[PDB]
Number of protein chains: 2
Amino acid sequence: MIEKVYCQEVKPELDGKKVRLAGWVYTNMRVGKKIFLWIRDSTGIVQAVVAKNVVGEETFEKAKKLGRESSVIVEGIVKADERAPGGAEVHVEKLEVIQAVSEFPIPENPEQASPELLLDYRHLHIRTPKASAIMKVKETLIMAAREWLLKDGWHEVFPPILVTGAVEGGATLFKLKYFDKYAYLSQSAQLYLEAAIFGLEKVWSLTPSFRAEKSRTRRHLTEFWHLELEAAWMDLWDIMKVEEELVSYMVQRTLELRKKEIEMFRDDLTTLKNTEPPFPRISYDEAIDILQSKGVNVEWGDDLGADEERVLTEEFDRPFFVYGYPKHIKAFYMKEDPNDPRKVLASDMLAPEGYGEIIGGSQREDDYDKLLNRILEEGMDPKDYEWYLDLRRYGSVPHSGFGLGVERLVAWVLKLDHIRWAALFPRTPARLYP
Amino acid sequence: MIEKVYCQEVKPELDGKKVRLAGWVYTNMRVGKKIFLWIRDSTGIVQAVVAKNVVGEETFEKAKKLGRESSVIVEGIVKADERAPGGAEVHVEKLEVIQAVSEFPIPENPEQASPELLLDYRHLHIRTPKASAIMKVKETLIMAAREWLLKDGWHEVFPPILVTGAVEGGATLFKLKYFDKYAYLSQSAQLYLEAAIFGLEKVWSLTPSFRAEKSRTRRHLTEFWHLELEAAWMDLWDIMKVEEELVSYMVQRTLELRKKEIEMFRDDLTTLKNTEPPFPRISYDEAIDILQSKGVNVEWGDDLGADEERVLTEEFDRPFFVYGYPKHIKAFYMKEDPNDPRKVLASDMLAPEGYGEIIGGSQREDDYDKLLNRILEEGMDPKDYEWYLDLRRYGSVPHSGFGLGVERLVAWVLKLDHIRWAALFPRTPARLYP
Ligand SMILES: NC(=O)C[C@H]([NH3+])C(=O)OP(=O)(O)OC[C@H]1O[C@@H](n2cnc3c(N)ncnc32)[C@H](O)[C@@H]1O
Ligand SMILES: NC(=O)C[C@H]([NH3+])C(=O)OP(=O)(O)OC[C@H]1O[C@@H](n2cnc3c(N)ncnc32)[C@H](O)[C@@H]1O
Ligand SMILES: [Mg+2]
Ligand SMILES: [Mg+2]
């Protein structure tokens, strides 16, 4: 490959040096007698100045016709100039047009288009600066998680996606034909992580999870990226400490590295800056009282839906925990509160500013008889869970874990109006394509 | 959480210090008047010495009954002793039996069991030392890949799993009902990575890929982990350089960190040590000649199946490339060799010692008309690929990429007898459970 110079490298200190740019036309404007092509690549935008008496009539005429997203190679000499973007421009000596484009279907400001058009052309939308900024934020949050997980001594595992058991209820399970049988798409790797702690003690995975959720909200995808941890020996309170340390590190590391991208989306970084341990903790009981005090018609035992969570977040300026939920609005695998068996040792972590749940976790039931009884009570077939019950037969230990919704976290960090914008190619009940 | 001391931390320098172990009984033997419990955790095995006159009759009797995989907490004093494992043992003061076990269904040497029994109890098999060693190797290879990818400036993305297009042929596609429509499970994220290079230039993903492969070989899973890279500007020769640099780094970093685990599986590390650039490169033409010279009944134009690849590997002592395949045994998206349009600019990387293909990659067709013609020739519906064709309409650039099978790589590194042992919970046509 003939090596290129990235746009971000075009700096005043390169004055007088030859560079080869490779990228796509961002804008094309005549300035005086010259053509100014702003060329974008994955690192920035550089002004390339095309002069007729330097490149010749043929090249000059070709340059006039280059619309947005035309692919080009540009060779020229860097000139330091304070008026130019980045303080330096390229005086073009050679222009190779790879493909001229004049009708790119995403507008220069994509948010002047209908969101439905942007989704119809999602494969083109992702190359635009704001959409790409979201993907850089997403990769940085995940990089940060892996740094924290490595340092704190967790083992990464690669759990199955094709499964035979519901983790989070049958209502949101995708079913498929699998040769001579049927399989489901995993809603969560949790049960497999619970198997893995017996060999590795502290484990995590990052997997796509699948939820056949009919409701078309701004917080639900049918496919999402799910960062899950499970640990031997830890109780609910221990796992909550892990959650706040991990999320704080993810957010602070991403503030450190991606300030520029975040400032494209936020006028106020306060809640992100506030994201350090210890996070506020309220009981579900306290949540109900806060909600009732603000006029919300909620009764103890009711689920906290998105609208309840929204009002609740008004009282907080950073992520916070709600803990100790009524048993029967939570999943079958959760350990009862030994002080009050009406409740389970569950906690959710909610983001402020209306975003609501980003993590769901719990301490797991570690008693065989109790777990089996709960499976039966929920109308589940113990045969589908025999292997999971085995974990309570062959050296059971107390353990806890949780799952983080990566897109939910990205949506809060960037104050997105819909979770879909945090997925490279979002999947929702009416959207499968591109 | 009351803090524990990991088995690996029990060292002679801790002589006289109190420790709290937490783990599972590995062996239980009476030695003289005492009970020696070897306790395993995720980091090793420590000898815990239980003396009747120290712990009392009740505890001593409980200790006698602890079989393999009994879960225990042990508090005691470290004593340096050269006869003990790791040069140090724990003199037990307190033993808490969490759950006594006597009938763990995996034998102490698992390979004395039928592989079918181990798979039936896969959730228990994964906690055993060899199986856990495979998972530590797998996580280290992947950690190494991410280190290399970060340093070399690639962006991580999170592509879709629910899709509408075959990347690697319709024969191995899983189909499912998706609300009012149908979806497929991704065979490969490649086409989406190709969209993403227009914004990010150099991208990668690690995703589960799904292949409805009926043939029950030792090299095929129906679900596998797929590390894929795609890069603007790079041709086939460029991407081959990336492949050998990445794989060499993965293997060398894993040799550095996981020598102990690898030596559980290999008597000879030579081929791993040999894995540094430049890898040998032979053309498909050369491969055919080598094969014909060794008596293999292969004709130019024929696919190189697993048995052909096996014989071919005999001539190599490290991974190697085969390049320049006949067009019609390769996928629709591959760029024709401009010097010889009977061929495409494809290469596979084969592991030695009979393992065969670990990477499939190519330069991609970047001309709209050629790609459309190929889609039509293969009986594919251009409507399902309109968005992919769009990438050749809106600023097309030359580009190349590849996919690495993580389990295939692990199987070669550890000289496994079947790829299934490299998956946490393997999926094959007859195996969906646990
Ligand atoms: N390992 C565990 O303990 C996780 C547990 N088994 C679990 O699946 O919990 P959830 O609360 O359903 O999901 C966990 C998180 O996953 C996200 N999530 C859950 N459903 C989601 C959906 N339909 N779309 C997008 N994100 C979704 C939310 O952030 C939620 O807090
Ligand atoms: N991004 C790309 O260019 C990849 C390309 N779209 C692709 O899917 O190529 P394959 O050669 O089919 O698969 C790539 C690798 O994926 C692995 N693989 C492919 N099929 C596999 C299977 N059924 N089981 C286990 N591993 C399998 C093999 O290592 C193979 O070399
Ligand atoms: Mg939840
Ligand atoms: Mg292949």
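Each chain gets a letter, A, B and so on, in the order the sequences are listed, and its residues count up from 1. The basis for the numbers below is simple: all heavy atoms, side chains too, and nothing from hydrogens, waters or symmetry mates.
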*Asks:* Please flag which part of B:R392 lies under 4.5 Å from any non-hydrogen atom of chain A: side chain, backbone, both or neither.
*Replies:*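 For B:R392, the backbone is the part near chain A, not the side chain.
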
*Asks:* Would you mind checking which part of B:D120 comes under 4.5 Å of any heavy atom in chain A, side chain (CB onward), backbone (N, CA, C, O), both or neither?
*Replies:*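 Neither the backbone nor the side chain of B:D120 comes within 4.5 Å of chain A.
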
*Asks:* Checking B:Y394 against chain A: side chain, backbone, both or neither under 4.5 Å from a heavy atom?
*Replies:*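 Contact with chain A involves both backbone and side-chain atoms of B:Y394.
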
*Asks:* B:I2 versus chain A, heavy atoms under 4.5 Å apart: side chain, backbone, both or neither?
*Replies:*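 When you check distances to chain A, no heavy atom of B:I2 falls under 4.5 Å.
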
*Asks:* Counting heavy-atom pairs closer than 4.5 Å to chain A, which one of B:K136, B:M135, B:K175, B:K177 comes out on top?
*Replies:*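 Heavy-atom pair counts peak at B:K136.
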
*Asks:* Measure B:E3 against the heavy atoms of chain A and call it side chain, backbone, both or neither at under 4.5 Å.
*Replies:*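 For B:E3, no heavy atom lies under 4.5 Å from chain A.
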
*Asks:* Identify the two heavy atoms, one from A:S396 and one from B:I98, that lie closest to each other, and give their separation to 0.1 Å.
*Replies:*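 Shortest heavy-atom contact: O-CG2, 3.3 Å.
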
*Asks:* Between A:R427, A:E69, A:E103, which shows the greatest number of heavy-atom pairs under 4.5 Å with chain B?
*Replies:*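 Maximum pair count with chain B is reached by A:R427.
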
*Asks:* Which pair of non-hydrogen atoms, one from A:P429 and one from B:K181, has the smallest distance, and what is that distance?
*Replies:*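 In this case the closest contact between A:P429 and B:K181 is O-CE, 4.4 Å.
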
*Asks:* Show the nearest heavy-atom pair for residues B:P159 and A:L424, with the distance to one decimal.
*Replies:*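 Answer, listing the atom of B:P159 first, then A:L424: CA-CD2, 4.1 Å.
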
*Asks:* Contact part of B:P434 toward chain A, heavy-atom cut-off under 4.5 Å: side chain, backbone, both or neither?
*Replies:*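 For B:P434, backbone and side chain are both near chain A.
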
*Asks:* Considering non-hydrogen atoms only, spot the tightest contact between B:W225 and A:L206 and give its length.
*Replies:*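 Closest approach of B:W225 to A:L206, heavy atoms only: CH2-O, 3.8 Å.
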
*Asks:* Looking at every non-hydrogen atom in both residues, tell me the closest pair between A:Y178 and B:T428 and how far apart they are.
*Replies:*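 Smallest interatomic distance, heavy atoms only, reads OH-O, 2.6 Å.
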
*Asks:* Can you say whether the rings of B:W233 and A:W24 are parallel (under 30°), tilted (30 to 60°) or perpendicular (over 60°)?
*Replies:*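 Because their plane-to-plane angle lies in the 30° to 60° range, the rings of B:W233 and A:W24 count as tilted.
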
*Asks:* Report yes if the side chains of A:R393 and B:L124 come closer than 4.5 Å at any heavy-atom pair, otherwise no.
*Replies:*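 The answer is no; the side chains never approach within 4.5 Å.
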
*Asks:* Among B:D235, B:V25, B:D41, B:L150, single out the residue with the greatest number of heavy-atom pairs under 4.5 Å to chain A.
*Replies:*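 Top count of heavy-atom pairs under 4.5 Å with chain A: B:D41.
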
*Asks:* How close do A:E139 and B:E156 get, counting heavy atoms only, and between which atoms?
*Replies:*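 Here A:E139 and B:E156 meet closest at OE1-N, 2.9 Å.
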
*Asks:* Which answer fits B:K241, side chain, backbone, both or neither, if we ask what part of it has an atom under 4.5 Å from a heavy atom of chain A?
*Replies:*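 Contact with chain A is absent: no heavy atom of B:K241 under 4.5 Å.
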
